[PDB]
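Descriptive analysis of the structure
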Amino acid sequence: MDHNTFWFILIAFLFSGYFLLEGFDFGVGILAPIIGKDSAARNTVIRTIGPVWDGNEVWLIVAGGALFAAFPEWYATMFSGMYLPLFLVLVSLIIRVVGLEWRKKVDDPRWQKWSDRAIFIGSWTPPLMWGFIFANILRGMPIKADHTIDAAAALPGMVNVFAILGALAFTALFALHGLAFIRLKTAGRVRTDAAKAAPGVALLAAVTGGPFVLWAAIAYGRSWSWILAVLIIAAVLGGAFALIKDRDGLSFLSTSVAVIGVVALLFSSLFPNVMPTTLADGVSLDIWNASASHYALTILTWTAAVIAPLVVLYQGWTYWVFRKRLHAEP
Amino acid sequence: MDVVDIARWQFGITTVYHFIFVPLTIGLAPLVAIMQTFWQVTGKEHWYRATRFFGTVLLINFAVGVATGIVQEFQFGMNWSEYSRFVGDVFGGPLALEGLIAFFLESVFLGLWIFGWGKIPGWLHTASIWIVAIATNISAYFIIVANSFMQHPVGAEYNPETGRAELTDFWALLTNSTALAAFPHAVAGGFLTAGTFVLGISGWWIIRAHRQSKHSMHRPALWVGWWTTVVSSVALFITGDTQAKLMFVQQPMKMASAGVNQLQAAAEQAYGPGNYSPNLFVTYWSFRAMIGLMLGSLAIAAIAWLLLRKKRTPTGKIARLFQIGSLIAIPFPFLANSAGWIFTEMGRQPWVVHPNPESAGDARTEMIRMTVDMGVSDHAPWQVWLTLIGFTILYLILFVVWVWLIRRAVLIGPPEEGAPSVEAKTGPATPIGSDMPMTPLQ
Ligand code: HDD
Ligand code: HEB
Ligand code: HEB
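The deposited coordinates derive from cryo-EM, with the record listing a resolution of 2.0 Å.

Dropping the structure here:
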């Protein structure tokens, strides 16, 4: 295939790795004060993602950088049009960074409660606002002839039913993903508490993502987009089901398939376009008018093919080192 | 005030906050790795205590360094879309490589260092901290390659069809003389920061312990910091001299601000009418500040050597003056790094991508220039005001908590233990105050 198609697929892969790894991250963060109900339990829940959340954050960093290098026009238009939503994502991410890293610098209840507030904000805002952003990307934006979005007139238009439903769907999906992750990476009473809170998280995922995934597949997708949406819904159901059957390995795998399917749907229903225009006079961005040079794509392809597999290898080795399930002291 | 200057202020504030914390990481990850290697090979307990103490400081600094970093990468396209379009072909490659190699290495292996003490062999733990140090240096290199393309664009050709500078020589971009000169200098700046910090804290604690085995870690750590400070000062002098020679040729307007009228005339008669000079005051005082604060670090190093020779320890009012001098000298390299980068970015003005002087004749590369007014994403000013205020307040809170938390860790002092203990689950990465209230009782 062309290099443009290859780098569209690579950006989709980077965003899927992000939304997958940072997805359980946000699920663990959201469900820490919901499942914990206790300092010992909440600390173990946060400790599940402690050693590996920085790498998950990096995946986002690389998604942004590679979308800047492969598709500069896409990077500029998406990030300038969606200014304030991205600002909210970034503020919550900063607050989560400090809330997670500084959590153990002080052994005091006031410090821990402020850390919990930081973790709450940084685990709730990013899923919501990423769903908002990506639903608006798929629906379309007021893109002009110069590939520029006003972002002040476009902001009220962004607040629509499809974007709100996407936000809720992303939050529910990442909550289910983090729940399956907690089931996989904990032992003792914390795991049982996660099982106790499984029904509510599942129901919300099934009732919000399903409508959203089907709507996005049908209205703005292709003829097989409904097939992909059915796969996503079935993956969510299997993940919720495998959790009940104590298949915490298979539950996390199924919710993983669900998240990657959501990303694959959002990008395949977008391809070949990269930024659908809502203005008739304006021009939509695709993998050709919004792209880097062939030489730049060649250099990027070489470096990415050489380095990214090694990154995945040693990150997986780290996840293997920290494979042992955590326990909660009384 | 219009959106351009608000966006400039936001970028400046956010990334000045970021490089408040970057140099300490750049210098201290290597120093912590060195201290832990010493503990591994020599076996002495005081090296383990030094590892724990300065690794506590390192982890606090690394935390605030990551968040400010996150905003900078996105801020690029959020606030400077036209810039992000003109250069993303050639500028975005170094950013992608930085994230893919250096950020992944440092994040993954610092997670291992913080959490995987007994889960891996101790030599592999020291390898993890060494990898984090090397990865921080690599990230410095790739970021500096990107900024040096901004300062001195090479390896790019203008494409009139896309109206955009496009990558045509990857090797010329990576081995840009501006990048190859500015990278060692930023590394030596980070090392000066960390060495000054270690030296000041260790001298303060030597005096404090004398006034009050368990504190035996201060003198070896003091000498580690002393050697780091001296070597980094020499490296800074050499690399800054190299960069001065480069800046003479590539960016005559920067040094003329550190003649300005002749260069302004040539600029307006080559790129059209308009101001083409930086802020003379800010440039002048940043450059001088980038120097005087190094003078301060050297002063503290010399005084520490004078007072602490031959295992000596001051006992009079000299001891109190030495403690005060150490604590006062600690912020000097942070301010020096900030001043140097402020000089760089303000003297870059009014260009977000500077016109390469050698590229003037070449038509196929003469259009790689861009100004700051033409590179900003057009926003309603209330949005930029909102983001600037939010970032400034959040960063002020983070910096205040950071100072408080390092002060708490330092005041707690070195760990009583000299070797990791299965009980209390402590290791070379455990923070000093991890088992103490917000205000420790003693
Ligand atoms: C000379 C060194 C240097 C310079 C000039 C910069 N940085 Fe930086 N950055 C680092 C050196 C560094 C680091 C030292 O490697 C940090 C700080 C602490 C850390 O963990 O990594 C880092 C972290 C860091 C992170 C966190 C990613 C992660 O580790 O998870 C991001 C997203 C950025 N930076 C982005 C930037 C951007 C967009 C810059 C310019 C506009 C920039 N940095 C200037
Ligand atoms: C390339 C990459 C990069 C980098 C690395 C950097 C790094 C840095 N930086 Fe930068 N910037 C940039 C890119 C960049 N940058 C840009 C693009 C801009 C836009 C233009 C202007 O604003 O100037 C800025 C801008 C800017 C500013 C503002 C100025 C004006 O006026 O405008 C400042 C202050 C700064 C500082 C800084 C620092 C300190 C540092 C160290 C860390 N900054
Ligand atoms: C660390 C601390 C420090 C120090 C000490 C120093 C010291 C010094 N220095 Fe520096 N810088 C710095 C930090 C610093 N620094 C920085 C940060 C910067 C930015 C980046 C670069 O550039 O590289 C600079 C930069 C820089 C430059 C260039 C600028 C531009 O780029 O434009 C020069 C020329 C120099 C010189 C010098 C000298 C001569 C000295 C002696 C005094 N500096």
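This next bit is on the overall build of chain B. Helix and strand counts for chain B stand at 14 helices and 4 strands. A compact globule built from 442 residues should have a C-alpha radius of gyration of about 22 Å, and chain B, at 23 Å, falls within 12% of that. Projected onto the principal axes, the alpha-carbon positions of chain B cover approximately 70 × 45 × 40 Å. A burial count over chain B gives 60% of its 442 residues as buried. Just so you have it, chain B exposes about 17400 Å², and 68% of that area is on carbon and sulfur atoms. Separation between the mean location of the 26 positive side-chain charges and that of the 24 negative ones in chain B comes to 22 Å.

For the rest of this paragraph, the subject is the coordination of the iron atom of ligand 3. Residues and elements named next belong to chain B. The coordination sphere of the iron atom of ligand 3 contains the protein donors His185 (NE2) and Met290 (SD), at a distance range of 2.3 to 2.4 Å. Here the iron atom of ligand 3 binds 6 donor atoms, and the angle range of 84 to 176° at the metal identifies the geometry as octahedral. Judged by relative accessible area, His185 falls into the buried class, the value being 15%.

This part covers the pattern of salt bridges. Pairing between side chains of opposite charge can happen when the charged atoms of each approach one another. Scanning the entire structure with this criterion turns up 17 salt bridges over all chains. For the salt bridge of A:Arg103 with A:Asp116, the shortest nitrogen-to-oxygen distance reads 2.6 Å. Of this pair, A:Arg103 sits in the loop between α5 (83-101) and α6 (109-139) while A:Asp116 sits in helix α6, placing them 13 residues apart in sequence. What makes A:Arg103 buried here is its relative accessible area of 3%. Note that B:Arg8 is salt-bridged to B:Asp5, the shortest N-O span being 3.2 Å. Placement of both B:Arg8 and B:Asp5 in helix α1 (residues 3-42) is noted, with a separation of 3 residues, approximately one turn of the helix. Assessed through its relative accessible area of 26%, B:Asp5 is described here as partly exposed. Put simply, A:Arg42, A:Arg103 and A:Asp116 are held in one network by salt bridges that share partners.

On to the UniProt feature "binding site: heme 1" (unreviewed entry) in chain B, then. Residue and element names in this part refer to chain B. Those places that UniProt annotates as "binding site: heme 1" (unreviewed entry) correspond, in this numbering, to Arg8, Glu345, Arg348 and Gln349. On the secondary structure map, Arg348 appears in the loop between α13 (331-347) and β3 (351-353). Look at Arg348 and you get buried, because its relative accessible area is 8%. Excluding residues within four positions of it along the chain, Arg348 makes contact with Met150, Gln151, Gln251, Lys254 and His354.

Residues and elements named next belong to chain B. Per the UniProt entry, the sites bearing "binding site: heme d cis-diol" (unreviewed entry) are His18 and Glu106 in this numbering. Looking at the element boundaries, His18 is found in helix α1. Filtering out sequence-adjacent residues up to four positions away, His18 remains in contact with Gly65, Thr68, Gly69 and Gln72. With respect to the helices and strands, the residue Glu106 is situated in helix α4 (residues 88-115).

By nearness alone, 26 residues border ligand 1, and A:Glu57, B:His18, B:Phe62, B:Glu106 and B:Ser139 come closest of all. Residues near ligand 1 are shared among chains A and B, making this a multi-chain site. B:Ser107 has a polar side-chain atom sitting 3.3 Å from an oxygen atom of ligand 1. At 2.6 Å from an oxygen atom of ligand 1 is found a side-chain nitrogen or oxygen belonging to B:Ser139. Of all the secondary-structure elements, those providing two or more residues to the shell around ligand 1 are α3 (54-70) of chain A together with α1, α2 (45-79), α4 and α5 (122-151) of chain B. Examining the composition of the shell around ligand 1, we find that 8 residues originate from one element, α2(B), more than from any other. Classifying every residue of the shell around ligand 1 by side-chain character gives 14 nonpolar, 8 polar and 4 charged.

Here we take up the side chain of B:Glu166. Counting through the fold element by element, B:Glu166 comes out in strand β2 (residues 164-167). Looking at B:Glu166, its side chain comes within polar contact range of the side chain of A:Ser293, at 3.1 Å.

Take the interface of chain B and chain A next. Counting from both sides, the interface comprises 77 residues of chain B and, opposite them, 66 residues of chain A. Summed over both partners, the interface of chain B with chain A buries about 6300 Å², with 74% contributed by carbon and sulfur atoms. The interface formed by chain B and chain A contains 1 salt bridge. Linking B:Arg85 and A:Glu73 is a salt bridge whose minimum nitrogen-to-oxygen distance equals 3.3 Å. When contributions to the side of chain B that touches chain A are tallied by element, the ones reaching two or more residues are α2, α3 (81-86), α4, β2 and α14 (381-412) of chain B. Here the element with the most residues in the side of chain B that touches chain A is α4(B); it accounts for 21 residues.

All names here are of chain B. Contacts to ligand 2 come from 19 residues, most closely from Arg8, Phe91, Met150, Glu345 and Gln349. Here an oxygen atom of ligand 2 sits 2.6 Å away from a polar atom, N or O, in the side chain of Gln349. Counting only elements with at least two residues in the shell around ligand 2, the list comes to α1, α5 and α13. Tallying contributions element by element places α1 first for the shell around ligand 2, with 5 residues. Tallied by class, residues from the shell around ligand 2 come to 12 nonpolar, 4 polar and 3 charged.

Moving on, we come to the packing of helix α11 (residues 280-308) of chain B against α13(B). Residue and element names in this part refer to chain B. Running from N to C, α11 and α13 cross one another at 155°; their axes reach a closest spacing of 8 Å. Between α11 and α13, the angle falls in the class roughly antiparallel. The hand of the α11/α13 crossing is left-handed. Contacts between α11 and α13 involve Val282, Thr283, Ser286, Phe287, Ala289, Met290, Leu293, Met294, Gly296 and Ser297 from the former and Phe332, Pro333, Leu335, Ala336, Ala339, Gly340, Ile342, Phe343, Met346 and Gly347 from the latter. Looking at the contact of α11 with α13 residue by residue, the class counts come to 14 nonpolar, 6 polar and no charged.

What follows is about α1(B). All names here are of chain B. Its 40 residues place the ends of α1 58 Å apart at the C-alpha level, agreeing with the 58 Å of an ideal helix rising 1.5 Å per residue. Where α1 bends most, at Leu28, the angle is about 30°, and the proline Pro30 comes one to four residues later. Summarising burial for α1: 28 of the 40 residues are buried, a large majority. At the C-terminal side of α1, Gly43 shows a positive phi close to 85°.

What counts as what
Residues numbered from 1 in each chain as written, not as in the entry; some residues may be left out. Chains lettered and ligands numbered in written order. Heavy atoms only, no water. Helix = DSSP H or I, 4+ residues; strand = E, 2+ residues; numbered from the N terminus. Rg over C-alpha atoms; globule rule 2.2 N^0.38 Å. Buried < 20%, exposed > 50% of the residue type's maximum accessible area, 1.4 Å probe, protein only. Areas by Shrake-Rupley, 256 points an atom, 1.4 Å probe, with all protein chains shown as cover. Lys, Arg positive; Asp, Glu negative; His and termini not counted. Charge placed at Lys NZ, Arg CZ, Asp CG, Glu CD. Donors = N, O, S within 2.8 Å, 3.2 Å for Na, K, Ca; no water. Tetrahedral: all angles 85-135°; square planar, octahedral: opposite > 155°, others 65-115°. Salt bridge = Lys/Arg side-chain N within 4 Å of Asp/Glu carboxyl O. UniProt positions renumbered as here; feature names shortened; annotations may be inferred. Contact = heavy atoms within 4.5 Å. Near = heavy atom within 4 Å. Polar contact = N/O pair within 3.5 Å; in protein donor to acceptor, adjacent residues only side chain to side chain. Nonpolar A, V, L, I, M, F, W, Y, C, P; charged D, E, K, R; others polar. Buried area = accessible area lost by both parts, 1.4 Å probe. Axes fitted to C-alpha atoms, helices over the stretch in contact; angles between N-to-C directions. Parallel < 35°, antiparallel > 145°, perpendicular 65-115°, else oblique. Left-handed = near helix turned anticlockwise from the far one by under 90°. Expected span 1.5 Å × (residues − 1). Bend = angle between axes of the 7 residues up to and from the residue.

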